[PDB]
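Reviewing the structure listed below.
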């Protein structure tokens, strides 16, 4: 997968704003306890 993995914890909920900070794109998802971010 081309998801961008991060060190930011989550137990559900939005990762969009976290991803704005992490990768500069306000898109992502909580997967298995951490945020991933989407750049296309």
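Count begins at 1; order follows the chain as displayed.
The way this entry was determined, per its header, is X-ray crystallography, 1.8 Å.
Using N, Cα and C of the backbone, Cβ positions are placed for all residues, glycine too.
Counting only residues at least six positions away in the same chain, the Cβ atoms of 10, 11, 12, 13, 14, 15 sit under 8 Å from the Cβ of residue 30 (disulfide bond). Here Swiss-Prot flags 10-30 (among others) as disulfide bond.
Marked as disulfide bond by Swiss-Prot on the basis of experimental evidence: 15-35 (among others). Here the Cβ of residue 35 (disulfide bond) has 25 other Cβ atoms within 10 Å, regardless of which shown protein chain they belong to. Residue 35 (disulfide bond) falls within a strand when secondary structure is assigned with DSSP.
The disulfide bond annotation in Swiss-Prot covers 19-37 (among others) and rests on experimental evidence. Neighbour list (residue 37 (disulfide bond), Cβ cut-off 8 Å, at least 6 residues apart, same chain): 3, 4, 6, 15, 18, 19, 22, 23, 25, 27, 28.
According to DSSP, residue 3 (pyrrolidone carboxylic acid) sits in a coil region rather than a helix or strand. For 3, the entry in Swiss-Prot reads pyrrolidone carboxylic acid, with the evidence type similarity to another entry.
Taking Cβ-Cβ distances under 8 Å and a sequence gap of 6 or more within the same chain, the neighbours of residue 38 (site 'Aromatic residue of the functional dyad') are 3, 4, 19, 25, 27, 28, 29. Annotation source Swiss-Prot lists site 'Aromatic residue of the functional dyad' at 38, citing similarity to another entry.
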